[PDB]
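Trainee: quick one: initial chain(s) of a complex, as found there:
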Amino acid sequence: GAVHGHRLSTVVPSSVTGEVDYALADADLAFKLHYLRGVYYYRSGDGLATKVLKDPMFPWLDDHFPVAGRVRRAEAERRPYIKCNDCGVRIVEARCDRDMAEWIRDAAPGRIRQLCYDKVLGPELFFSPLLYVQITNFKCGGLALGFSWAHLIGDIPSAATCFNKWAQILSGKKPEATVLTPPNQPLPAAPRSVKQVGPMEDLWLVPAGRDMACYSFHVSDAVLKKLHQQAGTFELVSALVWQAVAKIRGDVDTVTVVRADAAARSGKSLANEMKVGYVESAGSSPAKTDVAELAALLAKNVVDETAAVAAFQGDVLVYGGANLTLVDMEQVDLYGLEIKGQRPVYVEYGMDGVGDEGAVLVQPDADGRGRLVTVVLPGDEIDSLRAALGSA
């Protein structure tokens, strides 16, 4: 009773772009080994047949033509760029005789990976799509859109706001224009918030070794205020799990944390300006720490390493590379994915390509009242953290 009958298609930009190179920043190249897996669930599959979902993608990818390109490497006197050839994004059609409501309230290990396509910048580097969209119908009349999006292309505000310009397209409203016309140009020691790993050739995914797994949890507004009654919300439920993971593994005094702050955003829609920085529990054990102070720790004891990560020459892995890394995205328009009138019942984001340190993404819920948090863990580890969190 898994999801079945995949049959895949391509969509391209409506105009042919031509000889055109998209130079990507070194902040782009800094995340070349990480991949977002966003899945949006919809009560109704009604009126959203595959041609209605596919048809708007053509005008959409004329505004976002570099995501329909593929990767090449220039020679040195080897920095990679996006060949402006319209390879297009692959669309995967699949169904599941599951009722979607059943499956979202299941706490299922690995459904994020069942409803988004499984592939990364990989062995065939020069013909690998930057984006895949999988359309999964259910027998409930439900429909989940799982997007497999390379982080090299763009950050998560960039990923999430381009997908909804697509939904703005579909429903007949006019998106506000794409911005990529200030071109990206290039620019020490291994920054501590990231982690060095060996020359990466043509498959840009670091094998984790010990099998990682997705899982996520609702934290409601009631626990949102016992949070209060004990630094904003995201770094206290960031702090919640940071120590919870620390009684799981122990060596959890360093942690880096990813920030989707709109105040540092260039305005350009295909960028990579999420801000990167270390956290260290010097005073005492995070496993021995009371949550209200590691929360206090993750607000002002923040360290700006973002400028230095992009200037790193060499392959690094930041989410789950060096420390555990918490995720700042709670303020990203994920329930703006309005299919004409329908906005989702459920949105959850996963990831892969994140090292064995694990990572936790902190992002909003349907009501804007609590939060949803996805945790990447060494799979043997979610056994206990679910108990570990169950008290909280």
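Mentor: Happy to help now that I have it. Numbering: from 1, shown residues only, chains lettered A, B, ... in the order given.

Trainee: Buried residues, the helix or strand harbouring residue A:8. List them.
Mentor: Using DSSP states H and E, residue A:8 maps to strand A:4-11. Buried residues in strand A:4-11, counted by 16 or more other C-beta atoms under 10 Å: residue A:11. Where C-beta positions appear, they are placed from N, C-alpha and C, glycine not excepted.

Trainee: what's that strand packed up against?
Mentor: If you count contacts as 3 or more C-beta pairs under 8 Å, 6 or more residues apart in numbering; DSSP states H and E, strand A:4-11 packs onto helix A:57-63, strand A:89-96.

Trainee: Residues touching the longest one, excluding its own?
Mentor: Residues lying outside strand A:89-96 but in contact with it, judged by C-beta atoms under 8 Å, 6 or more residues apart in numbering, are A:1-11, A:50, A:53-54, A:57, A:61, A:67-68, A:103, A:117, A:129-139.

Trainee: strands paired with it, and their directions?
Mentor: Strand A:89-96 pairs in its sheet with strand A:4-11 (antiparallel), strand A:131-138 (parallel), by DSSP bridges.

Trainee: which element follows that strand toward the C-terminus?
Mentor: Next along from strand A:89-96, by DSSP H and E: helix A:100-104.

Trainee: hmm, who's touching the next helix or strand after that next one?
Mentor: Following helix A:100-104 in sequence order, the next helix or strand is helix A:112-115 (DSSP H and E). The contact list for helix A:112-115 (C-beta under 8 Å, 6+ apart) reads A:2-3, A:37, A:39, A:134, A:136, A:144, A:146, A:214, A:216, A:348, A:350, A:352, A:374.

Trainee: I'd like the distance between residue A:14 and residue A:159.
Mentor: The spacing between residue A:14 and residue A:159, counted by C-beta to C-beta, to the nearest Å, is 21 Å.

Trainee: Looking at these two, which is more packed in?
Mentor: residue A:159 (21 against 13; other C-beta atoms under 10 Å).

Trainee: can you add chain B next? sequence is:
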Amino acid sequence: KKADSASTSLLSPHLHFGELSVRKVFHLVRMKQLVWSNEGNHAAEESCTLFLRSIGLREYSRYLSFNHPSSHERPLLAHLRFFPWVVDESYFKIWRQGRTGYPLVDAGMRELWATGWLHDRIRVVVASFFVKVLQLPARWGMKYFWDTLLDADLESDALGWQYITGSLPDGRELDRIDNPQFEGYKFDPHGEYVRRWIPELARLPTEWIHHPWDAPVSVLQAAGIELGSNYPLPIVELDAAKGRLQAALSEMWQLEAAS
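Mentor: Placing chain B onto the earlier chains gives this:
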């Protein structure tokens, strides 16, 4: 928009010779609209709306020729007076014989010679291609349409070219070339239109059928296709053509602001 089936009325040459009263078409369709509306058939009701719009385009065809006729100060396609046309009779002949290597272009170019008729959207595919890819004198492909269309209509041919060249505000965007897979997906989702007119490509899977030159050699041979001998190679490449498009349009806008 589909061309893989008989989706339009095929009343085109009849209406040009006044063999069928458009006023009768109007009255009958309008009354068909009323019955369907009363039958809860909204899609069908919506359909006559668009079909009458297609009738109105023929009205607008005479409107533009009565009100804004064109002889000398703004003749037809006056805006590209200053265009550097590729004068290449070889390329013209390859467009005529449907040997361009672009299936949807070649398919439609065969049917045009075969049955003296073409679907509207295929009328633009082989025309957009003639002026934006091969970039030959639009006056040239106009005279071919005049000789090989049964519904060869002075005003409506005028409107149709003005539309694809961008000669008037309703028209199509100029510095821009349609990706063939865009055309194919709108006008031929399963590639059955060109499989029918180019049986050479019958075994080419639908994914590549509108752009065979981007297919892996292993797929081309599995379909028994060998580009250059079995089915032609793309006479002009797209990249080399939008490039040429910029070099031809700004050269002309440079010529434009210089007079």
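
Trainee: Check the buried residues of strand A:4-11 one more time with chain B there.
Mentor: For strand A:4-11, the neighbour count (16 or more other C-beta atoms under 10 Å in any protein chain shown) marks A:9, A:10, A:11 as buried.

Trainee: Beyond it, next helix or strand please.
Mentor: Criterion used, DSSP H and E; the element after strand A:4-11 is strand A:21-22.

Trainee: And that following strand, what does it pack against?
Mentor: strand A:80-83 (3 or more C-beta pairs under 8 Å, 6 or more residues apart in numbering or on different chains; DSSP states H and E).

Trainee: does the strand it packs on come close to chain B?
Mentor: No: taking C-beta under 8 Å from any C-beta of the partner chain as the criterion, strand A:80-83 and chain B are apart, separated by no less than 10.6 Å.

Trainee: strands paired with that strand, and their directions?
Mentor: Sheet pairing of strand A:80-83 (DSSP bridges) gives strand A:21-22 (antiparallel), strand A:70-73 (antiparallel).

Trainee: Residues contacting the longest one, please?
Mentor: Read it as strand A:70-73. For strand A:70-73, contacts defined as C-beta atoms under 8 Å, 6 or more residues apart in numbering or on different chains pick out A:79-83, A:85, A:87, A:121, A:125-130, A:152.

Trainee: Enumerate the residues of chain A near chain B.
Mentor: A:9-19, A:51, A:54, A:58, A:85-86, A:88.

Trainee: Report the buried members of these.
Mentor: A:9-18, A:54, A:58, A:85-86, A:88.

Trainee: In contact with the closest residue in space to residue B:113 that isn't next to it in sequence, which residues?
Mentor: Sequence neighbours aside, residue B:148 is the residue nearest to residue B:113 in space, at 6.2 Å (criterion: C-beta to C-beta, 6 or more residues apart in numbering or on different chains). Residue B:148 makes contact with B:112, B:113, B:116 under the criterion C-beta under 8 Å, 6+ apart.

Trainee: cool, and residue B:114?
Mentor: By C-beta under 8 Å, 6+ apart, residue B:114 lies in contact with residue B:197.

Trainee: What number of residues are in the vicinity of residue 29?
Mentor: Picked chain A for this. Counted with other C-beta atoms under 10 Å in any protein chain shown, residues neighbouring residue A:29 total 21.

Trainee: you looked at the wrong chain, it should be chain B
Mentor: Neighbour tally, residue B:29, other C-beta under 10 Å: 17.

Trainee: let's bring in chain C now:
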Amino acid sequence: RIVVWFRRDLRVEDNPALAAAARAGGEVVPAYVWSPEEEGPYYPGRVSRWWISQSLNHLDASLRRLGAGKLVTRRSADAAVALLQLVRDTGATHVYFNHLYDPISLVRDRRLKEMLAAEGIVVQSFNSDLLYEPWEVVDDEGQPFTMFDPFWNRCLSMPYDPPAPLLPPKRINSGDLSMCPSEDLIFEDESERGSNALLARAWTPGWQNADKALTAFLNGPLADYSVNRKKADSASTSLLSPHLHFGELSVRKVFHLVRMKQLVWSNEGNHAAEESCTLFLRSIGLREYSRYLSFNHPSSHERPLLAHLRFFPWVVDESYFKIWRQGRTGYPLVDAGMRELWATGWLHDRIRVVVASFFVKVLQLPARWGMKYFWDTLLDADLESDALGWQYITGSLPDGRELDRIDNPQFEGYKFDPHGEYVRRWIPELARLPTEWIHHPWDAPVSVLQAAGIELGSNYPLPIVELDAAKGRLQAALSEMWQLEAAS
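Mentor: One more chain to add, chain C, which I have set with the ones above:
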């Protein structure tokens, strides 16, 4: 208790092996083993493999709906080895199959009888493919016939009718085959799966579709078969050949159904339809004669298939073979058929005659070469029927078509495509070329070819070999063969 071994009988109606296993009382294990390495040169080709992959899936569900666990799919290079693993693995008493008639199966299958009877298995074989067994029909001295007319005349005058088609089992009992494993068979190169699946535009393999195509032909173009069977510009024939090659349809049902249509038409005064049935059964009898020939006068070494063309000096020219496969010969009736053979896996019998005659009369390439291509491109690629066709068009049979002779393409065109609509459907380039020259464009005046928008050499190819050169080279090649033949 009983194994039912499927081979080229992928149907459930009138299948004497399966219908006798079910009526024995015990269980029935239905299975198919894919042992192509045993077929030597006659290893199933590309598109015939694509048919079996669908036909077997289709026969699986049929079997499962009748009370089966599965169709057991075994893989091997020796059929006995895989068959007697299965008699053991699934532990049976008996092995039932319906016997074939090709030279490969005839001796492979008697090695199986003994191989299996040495490990204690009882074996029985049944008739599933012929109205009459080849040994059942002989002349007055008890000898095999050597020509088709005396042979088919005998079957039509046999003292008994072809056995009536048996019913399918009420249901079959397989027991628990949750134990028994099935080998996932591989019929398609990954590289070819995407173009193989386009064959479904024209065909749907399966016992069920064979049955619908028969009642479609019986109630449709069978009444005009007498007058239209030779034309390739309409669907004039039954389109049953791939179904019949894989045994997805009973020929004894077809015989019986057609004989009933004839009796009714005869009572309706429909004399032309009554002769239509006479002539269509004759075509069913040509399939009977293909088995009768491979059983009574098999390929030997003392005298092979095309033995009369031993000293024939063939043109060896891979370039010519490439043009022929691609339908760029410049002969429109030939090109039109070579395009359709590639696109649908099927050809009207007379277009087969045209493309194959052209192959050995104008290009004069080794008939082996074309026999192999046919094997890889035909959905109904049938050992005995292909042998009979090539033997017919090359003149190895006394029945066969004259050797020292080339057809005028207008003779072919007027018989199989009188209005040129077959050429125009498959070669749209020549749509505006009049019927008067559409089958020999090289003879048209330039004005007529310019009016048709044809430039011989750019728009549509020139004749790769001209007829008068082909005939001159044919007489020089036969005289070379006949001076050589006497030298022995």
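
Trainee: same question on the contacts of strand A:89-96, but now with chain C added
Mentor: A:1-11, A:50, A:53-54, A:57, A:61, A:67-68, A:103, A:117, A:129-139.

Trainee: circling back to that earlier point, output the strand holding residue A:8 as PDB, nothing but the C-alphas.
Mentor: Output in PDB follows, covering the C-alpha atoms of strand A:4-11 (Å, rounded to 0.1, in the frame of the first residue of the first chain):
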ATOM      1  CA  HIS A   4       2.700   3.600  -7.100                       C
ATOM      2  CA  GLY A   5       2.600   3.800 -10.900                       C
ATOM      3  CA  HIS A   6       5.100   6.700 -11.400                       C
ATOM      4  CA  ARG A   7       5.100   8.100 -14.900                       C
ATOM      5  CA  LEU A   8       7.300  11.100 -15.500                       C
ATOM      6  CA  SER A   9       7.200  14.000 -17.900                       C
ATOM      7  CA  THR A  10       9.100  17.200 -18.500                       C
ATOM      8  CA  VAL A  11       8.000  20.800 -18.700                       C
END
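
Trainee: Residues in contact with it: which ones?
Mentor: A:54, A:57-58, A:61, A:87-96, A:134, B:181, B:185, B:207.

Trainee: next one: stretch A:119-133
Mentor: Counting by C-beta under 8 Å, 6+ apart, A:32-33, A:35, A:57, A:66-72, A:82-83, A:87-92, A:116-117, A:145-150, A:152-153, A:202-205, A:352-353 sit against stretch A:119-133.

Trainee: Surely residue B:242 touches residue A:17?
Mentor: Yes: assessed by C-beta atoms under 8 Å, residue B:242 is found in contact with residue A:17 at 7.4 Å.

Trainee: just how off-centre is stretch B:72-84 within its chain?
Mentor: With C-alpha atoms, centre = their mean, to the nearest Å as the basis, stretch B:72-84 stands 21 Å off its chain's centre.

Trainee: Could I get the buried residue list for it?
Mentor: B:76, B:77, B:79, B:80, B:82, B:83.

Trainee: can you list the residues that contact it?
Mentor: B:70, B:138-139, B:158, B:161-162, B:165-167, B:248-249, B:251-252, B:255-256.
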